[PDB]
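We begin with a single chain expressed as structure tokens, specifically the form deposited in one PDB entry.
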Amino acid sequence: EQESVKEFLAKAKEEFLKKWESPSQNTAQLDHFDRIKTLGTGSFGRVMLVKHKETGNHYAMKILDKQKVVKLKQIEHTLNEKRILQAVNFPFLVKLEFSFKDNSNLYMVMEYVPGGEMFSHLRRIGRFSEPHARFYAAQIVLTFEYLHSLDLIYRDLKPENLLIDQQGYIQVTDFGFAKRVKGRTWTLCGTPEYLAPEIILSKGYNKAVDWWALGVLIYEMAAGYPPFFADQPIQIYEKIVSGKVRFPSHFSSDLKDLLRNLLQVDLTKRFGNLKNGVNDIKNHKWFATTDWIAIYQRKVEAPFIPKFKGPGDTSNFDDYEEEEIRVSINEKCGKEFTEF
């Protein structure tokens, strides 16, 4: 790599480590915000649009029920999520603005990205052209270069986690499975269609699982469906471990070649995990037209700008039953979440 890239990554790691070793805590409280709308809901958490009462700024507030986090064995993962988010800084990562906890819940207050999930847009139009897929893919390549340099594995790449901003660029959200890992790690996590073979086979695995997931994402953007699709998890897993893939005839030869090298079952032969690291991806013929500096600087005109009316518009997200944010009179799970 050029000295300029080496010096940029060295500064990025220094700045990350300073916040990683001394994390911020307790930087807001719940009654500083008005609740507007639920934007999504899961097994132990929800995300809600909120407005700060004094400044009028909008934010996306992720709320985790401490008792449910414990029951679903996510304690370490939720502590990882907040400690990583308060320490990172990159153009294609959603920014954490505040965090706090109370007797019942954990709270992460993010910037709100009003354009919606990539997934919605992809499903509405069917598939993206190769230039359109390549613009988003280039942003993920740079983001993974940054995260991997800091010894972070992301472990949750999928179209639902890629939000489209007011300039039509990507911001990656949901660090619930992200982890600082210097060698190998072992937890079964991720979404079925995006899992690498070594995760499915219960091996010790490393950052190469993110590069496999990038191959699944590029395939899905350019085709409209993921490569290993099937009706039940066990059948998806059989396809993933098999070492074969079928490509639509509309794919270019360069796209097919790049995907065979990212979707390589043998992790020791997979692009992103060879001696030249990310440069085997950046220098591939499919990326020959990509100006990497111009993408990082946000100087390239985006394929499209999402339609929305302003920073409070929720029209690009869907509708959920609205439930209370109740806070108990007794502290739950205080020892488990001391460091949050």
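C-alpha atoms forming the largest set that superposes within 1.5 Å between two forms make up the rigid core. Counting begins at 1, following the sequence as shown.
There is also a form deposited with a partner chain bound; it is not shown, and the following applies to it.
**Student:** Could you check which residue among 238, 151, 257, 160 gets a heavy atom within 4.5 Å of the partner chain in the deposited bound form?
**Tutor:** Looking at 238, 151, 257, 160 one by one, just 160 meets the 4.5 Å heavy-atom criterion.
**Student:** Which residue, 104, 74, 206, 171, is the contact with the partner chain in the deposited bound form, using a 4.5 Å heavy atom cutoff?
**Tutor:** Result of the distance check: 74.
**Student:** Given a 4.5 Å cut-off on heavy atoms, tell me which of 257-265, 226-234, 104-112, 138-146 is the interface stretch with the partner chain in the deposited bound form.
**Tutor:** Of the stretches listed, the one contacting the partner is 226-234.
**Student:** Quick check: do 210, 271 and 280 each get a heavy atom within 4.5 Å of the partner chain in the deposited bound form?
**Tutor:** Per the other structure, none of 210, 271 and 280 touch the partner chain.
**Student:** Taking heavy atoms and a 4.5 Å cut-off, does residue 90 contact the partner chain in the deposited bound form?
**Tutor:** Close contact is absent here: in the deposited bound form, residue 90 is far from the partner chain, nothing within 4.5 Å, heavy atoms only.
**Student:** Is there a heavy atom of residue 189 lying 4.5 Å or less from a heavy atom of the partner chain in the deposited bound form?
**Tutor:** The answer is yes: residue 189 has a heavy atom within 4.5 Å of the partner chain.
**Student:** Decide whether residue 132 counts as a contact residue for the partner chain in the deposited bound form under a heavy atom distance cut-off of 4.5 Å.
**Tutor:** No, residue 132 stays farther than 4.5 Å from the partner chain in the deposited bound form.
**Student:** In the deposited bound form, does residue 42 have a heavy atom within 4.5 Å of the partner chain?
**Tutor:** Residue 42 belongs to the contact set for the partner chain.
**Student:** Which of 71, 95, 260, 184 has its C-alpha displaced by 2 Å or more between this form and the one not shown after core superposition?
**Tutor:** Everything else stays below 2 Å; the exception is 71.
**Student:** A 3 angstroms or greater change in CA distance between residue 71 and residue 204 is reported in the deposited bound form. Closer or farther than in this form?
**Tutor:** Relative to this form, closer in the deposited bound form.
**Student:** By 3 Å or more, the Cα spacing of residue 195 and residue 71 differs in the deposited bound form; is it closer or farther than in this view?
**Tutor:** Closer, not farther.
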